[PDB]
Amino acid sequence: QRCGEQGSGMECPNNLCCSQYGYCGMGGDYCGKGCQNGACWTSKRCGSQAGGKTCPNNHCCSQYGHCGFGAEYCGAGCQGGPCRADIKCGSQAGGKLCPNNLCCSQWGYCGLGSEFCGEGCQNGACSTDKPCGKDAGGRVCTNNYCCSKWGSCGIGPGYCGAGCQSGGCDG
């Protein structure tokens, strides 16, 4: 229910602004001074100009590094987010990973959904669920995901904690 620093990076639906006090709504109250994410009145900084401050809410990052949507944003120079250009990745990149847990298709391109996350997926939120660990040649996960005690990649206590074989374990 809470957002931003107060809600654990949590985001408001439909681009509602996360006021400085971790709540959701529209208006100067939530969108003005303070705003942590959502349709903030002052567009955030990102990537090049911000060292990789990727845009939250799956917003596009412009060539100047401000978060938003629109041709100006998602169009050319788009440094991140749902850009209109095709974002490559994978073996064909020298092994490169998609941003914001995006799946890298067999074809070497970022996206979300069956075609991207399904069979052949190279990194990101791949739904193939390939097992890792001791019982799998010692396969490690991509994106530094936690290889759970049951040889499964994920992120969370169930994965990163008790018996986390590899990745971002909590021990």
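The term rigid core refers to the maximal set of C-alpha atoms that superpose within 1.5 Å between the two forms. Quick note: we count residues from 1 along the sequence shown, nothing fancier.
Greater Cα displacement in 4 other deposited structures of this protein once the core is superposed, comparing 45-53 with 60-68 | Result of the core-fitted comparison in 4 other deposited structures of this protein: 45-53 deviates more.
Using the B-factors recorded in the PDB entry, average over the C-alpha atoms of 120-128 and of 46-54, then report which stretch comes out higher.
-> The entry gives the higher C-alpha B-factor average to 46-54.
Comparing 157-165 with 17-25, which has the greater mean CA B-factor as deposited?
-> That would be 157-165.
34, 138, 68, 38, ranked by C-alpha B-factor: the highest one | That would be 138, according to the entry.
Check where residue 133 lands among this chain's C-alpha B-factors and tell me if it's the lowest, middle or highest third.
-> As the PDB entry reports it, the C-alpha B-factor of residue 133 lands in the highest third of its chain.
Would you mind checking where the Cα B-factor of residue 95 ranks among the modelled residues of its chain, as the lowest, middle or highest third?
-> Top third by C-alpha B-factor.
Sort the modelled residues of this chain by their C-alpha B factor and say whether residue 87 lands in the lowest, middle or highest third.
-> Tercile = middle for this residue's CA B-factor.
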